[PDB]
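Report on one structure; see the data block that follows.
Just so you know, all these numbers are worked out from the coordinates, no wet-lab data involved. Positions of Cβ are generated from backbone atoms using ideal geometry, with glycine treated the same way; all protein chains shown enter the neighbour counts.
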Amino acid sequence: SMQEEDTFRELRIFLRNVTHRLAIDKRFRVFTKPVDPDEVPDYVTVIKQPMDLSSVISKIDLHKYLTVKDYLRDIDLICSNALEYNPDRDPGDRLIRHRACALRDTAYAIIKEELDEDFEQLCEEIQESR
Ligand SMILES: CC(=O)c1nc(NC(=O)[C@H]2CNCCN2)sc1-c1ccc(C(=O)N2CCOCC2)cc1
C-alpha cells in the first residue's frame, strides 16, 4: 500500500544515515569500497560473498532491505568476511579483525539506541505479509 511504502522509505532514510556514519569513520576505511581485484587478486578466491559499505548503500537505494534485520545481515557479513580473510596472529590481521568487530559493534549500538522496536516490528510484519 501507499502507507507501507512510506514506512519502507523511512527505513531507507534511517539505514542511509547509519551507513554514512560508519563510512566516515576512519577506523572503517578498509570496509568502505569493494576489494580492488588488481590490488588483491586472491580475495575473490577466498571470500565467496564480498560485502562493503558502498555496496550496502547501493542495496538500500535498490530497495533490497525491508527490515533492519536484513541490513544487519550484510553488516555481519562485512565483519565475518574480514575475520575469515584475517585468521593469523600477525598484527596486520589482528588490526583488521579489531576494526571489523568495532564496525559490527558500532552498527548494533546505533540501532539499539536509535531504532524504535515497534518500527522494526511493523517492517517485519509488512515483509511477512508479502
Ligand atoms: C578488507 C580486508 O579484509 C582486508 N584484509 C587485509 N588483510 C591484510 O592486509 C593482512 C592479510 N594477512 C597478512 C597480513 N596483512 S587487507 C584488506 C583489504 C584492504 C584494502 C582493500 C582495498 O583494496 N580497498 C579498496 C578501497 O578502499 C577500501 C578497501 C581490500 C582489502
Among (1) within 25 Å of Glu5 (Cα to Cα); (2) part of a helix (DSSP H, G or I), the one test that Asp93 misses:
(1)
Take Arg12 and decide whether it is surrounded by 12 or more Cβ atoms within 10 Å (Cβ to Cβ), among the basic types (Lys, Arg) and within 11 Å of the ligand (Cβ to nearest atom).
no
Of the residues that make up segment 69-90, is at least one in contact (Cβ under 8 Å) with a residue 60 or more places away in the chain and β-branched (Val, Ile, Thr)?
no
Just a yes or no: is a residue in segment 68-78 more than 12 Å from the chain's Cα centre (by Cα) and under 23 Å from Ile111 (Cβ atoms)?
no
Tell me, yes or no, whether segment 44-55 has at least one residue that is away from the ligand (no atom under 12 Å from the Cβ), surrounded by 12 or more Cβ atoms within 10 Å (Cβ to Cβ) and part of a helix (DSSP H, G or I).
no
For the list (1) free of Cβ contacts under 8 Å to residues at least 40 places away in the same chain; (2) near the ligand (Cβ under 9 Å from one of its atoms); (3) not in a loop (DSSP other than H, G, I, E, B), I need the number of the one condition that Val40 fails.
(3)
Kindly evaluate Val30 against the criterion of being part of a helix (DSSP H, G or I), within 9 Å of the ligand (Cβ to nearest atom) and in contact (Cβ under 8 Å) with a residue 60 or more places away in the chain.
yes
For residues in segment 63-90 being near the ligand (Cβ under 8 Å from one of its atoms) and assigned to a helix (DSSP H, G or I), which is nearest to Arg29 (Cα to Cα)?
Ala82
Can you pull out every residue in segment 15-27 that is farther than 16 Å from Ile96 by Cβ, within 13 Å of the chain's Cα centre (by Cα) and away from the ligand (no atom under 12 Å from the Cβ)?
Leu15, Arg16, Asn17, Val18, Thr19, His20, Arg21
